[PDB]
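Coming up is one lone chain in structure tokens, specifically the form deposited in one PDB entry.
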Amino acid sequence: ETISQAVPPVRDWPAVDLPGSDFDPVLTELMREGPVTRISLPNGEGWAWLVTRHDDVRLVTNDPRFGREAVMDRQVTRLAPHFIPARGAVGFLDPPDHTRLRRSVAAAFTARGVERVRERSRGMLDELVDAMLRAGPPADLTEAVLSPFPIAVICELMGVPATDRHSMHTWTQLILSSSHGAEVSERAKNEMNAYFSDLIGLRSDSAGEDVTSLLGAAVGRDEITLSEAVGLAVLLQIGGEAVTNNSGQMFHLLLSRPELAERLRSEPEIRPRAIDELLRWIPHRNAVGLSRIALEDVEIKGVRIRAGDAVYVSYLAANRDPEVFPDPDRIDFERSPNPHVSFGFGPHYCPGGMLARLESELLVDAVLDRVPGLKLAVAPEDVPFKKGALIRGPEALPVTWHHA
């Protein structure tokens, strides 16, 4: 042989505030380099591998050779200045115990299960929209509806009293407050852990359809421990708010490209498919989330991922796979196979996938059908987006409509 340098150089991938829904140029680069790359994020230590292809992302995330529990044994390079989920949360559990914990609340998150809160949710959404209209045109869609709605729906499903909604949002906010290197988020986590630990105990260990009752009944029959239950209850509540940000990009885009909004207004039946196309395209987060550790050597596209090596997958990059999604950057409401991985893949796939689809469904409906001539009150570029955050999205969405 000769002089083989088949190992990709560690690419520095600093935290950078992107505008609107533009694609990360660095991620663009990582994708062109090769199937397997190496990156260095703002925090933690080391380099961790990076997979971007649709097929390799499905492999890594659904293969027993890559685990999550081991990820805590080291300070894997990352984007967030501290691990959000505790040492017992779903995100860090592997198939054996992970499957058990997720089964306890499965019934509430399937299409049929979520379909049970459709009417209830529709009514809540309608009150918020009615309130927006009554107030008057110059409105911030995020504060007026995209923020309150998802919060009300998850709390309702979880069994959280409507009077405690403000607290969930405050805690979620602080917990995801992203950076420094300490306990504003830690205290916030203990407070919310304490909140759900008590709710799970407060007779919610008897009978009821809400998730906390399911978790309480499960804890009562030794199916899952209280730690696992609180850990899951906490991440569901938090993930619940992920819709605000995603739907924010959805609307910023629909009103940004009038031809997309018009197709949805004049052709309602295609809304489901369009929403899935929008979910595939929308760059939901910054960089990547929680890595996996190779539990044993594994060869991928010529690269040897040594046991002990951290591996990252980019669902955003995967949803932009040319071979799987021809003309990737184009938002086509038709799109044939469209097997996007915006909700993850493998055992850790998002349990809120169907709920979010339902929420997105009602939002598009209510917003496009009840607000005549809804449009941005400012130029697309003048809309501010979240800075230094994990999940990308509008900070506010100024819009106006016919009325005034």
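Residue indices: 1-based, along the sequence shown. By rigid core we mean the largest C-alpha set that fits within 1.5 Å across both forms.
What comes next is about the form deposited in another entry, which does not appear here.
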Entry of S256, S177, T225, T110 that shows, once the rigid core is matched between this form and the one not shown, a C-alpha shift of 2 Å or more: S177
Comparison of CA distance in that other deposited form with shown form for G181, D309, at least 3 Å: farther
Direction of the Cα shift between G88 and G181 in that other deposited form, where the change is 3 Å or more: farther
